[PDB]
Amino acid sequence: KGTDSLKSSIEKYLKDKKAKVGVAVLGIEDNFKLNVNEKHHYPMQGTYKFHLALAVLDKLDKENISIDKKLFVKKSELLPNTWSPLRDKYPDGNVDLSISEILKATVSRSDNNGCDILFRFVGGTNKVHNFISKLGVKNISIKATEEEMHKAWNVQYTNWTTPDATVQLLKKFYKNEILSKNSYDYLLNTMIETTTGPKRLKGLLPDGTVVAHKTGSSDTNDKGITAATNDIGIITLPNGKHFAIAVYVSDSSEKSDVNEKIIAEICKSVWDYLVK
C-alpha cells in the first residue's frame, strides 16, 4: 500500500526533530485517512478561532440574526499587549462593530480581542465546547479565552485537541453539514483570504493552490520550548478535489523557521502522494 509508505516517510522525517508533531489528513470526497502521533493532546492556540467561528455562525443561523448586526464593544475589552488589529483600529473602543467585521479580524487576522468578544457573544468557552461535542467530534478541550491564556504559561495546554478531531471537524464544515449556505460561504472566504502562515501548509505548494486555513502560534519559554506552531485547513488538489489536514508542532526546541518548515514539508509529502 502507499499510505503506509507515506506515514513511514513522515515518521522518518520527524525522527531527528525535537518536537512532538501530530498529523491528520482526511479526504473530503473520498475516504483517505492518515494519522501520525494521534493519541496525544496538542495545544491549539489560535486554531480554536475556527471552532469559535463555527459556534458564532451557528448561533446566527439558528436565531436568525444578521451577520451585519452590530455589537457595542467596550474600551475595557480591547485589551493592550495582545495581538489585535481591532484595538489598533479603534483604540478608544466604545464602538459599534458588526459581527462580520469582528469575525473577519478574528479568523483572517487572528485577533485576540475579537476572539474574546465573540466568546462572550456565544456564552463562554464551555458553550463552544458543548457545540463542538454535540456535532459528534470528541477530544477537543476548549477551556480558556485569549486573556486567560496570556497569563500563566500552562493555561494554553488546557485548549487541546487530537489531530483526528480537527480534520473530522474541518470535513464536516467543508461538506456544509454544520452551517447555512451563507454562513459557510462567509467563513470559507475568510479562511482563504488570510495572509497568515504563508510558510506553513501553503509553504511548498504550487502557486495558486487554494488553501482555506487557520494558524496557531505560541511564545517560547526560557528553556527554548515553543509550545505550539500549528496550521489546519482544507487544500484543493489539481483535479479539483480536496483534503482536510492538521499539523501540530508542539513542545518544540527547534527554531521557528524549522517548526514552520515541518508543517510545510509534511503537507508537501501528503500533497505529492495524493497528486500521484
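From 1 onward, residues are counted along the sequence shown.
- Here the stretch with the larger average CA B-factor, out of 107-115 and 201-209, is 201-209.
- The mean Cα B-factor in the deposited entry runs higher for 30-38 than for the other of 30-38 and 52-60.
- Considering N176, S98, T190, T145 together, the PDB entry gives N176 the largest C-alpha B factor.
- Ranked within its chain, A264 lands in the middle third, by CA B factor from the PDB record.
- Split the chain's modelled residues into thirds by C-alpha temperature factor. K241 is in the highest one.
- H129 sits in the highest third of its chain by CA B factor, as recorded in the PDB entry.
- The deposited CA B-factor of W83 belongs to the lowest third of values across its chain.
- Remark: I140 belongs to the highest third of its chain, ranked by C-alpha B-factor as recorded.
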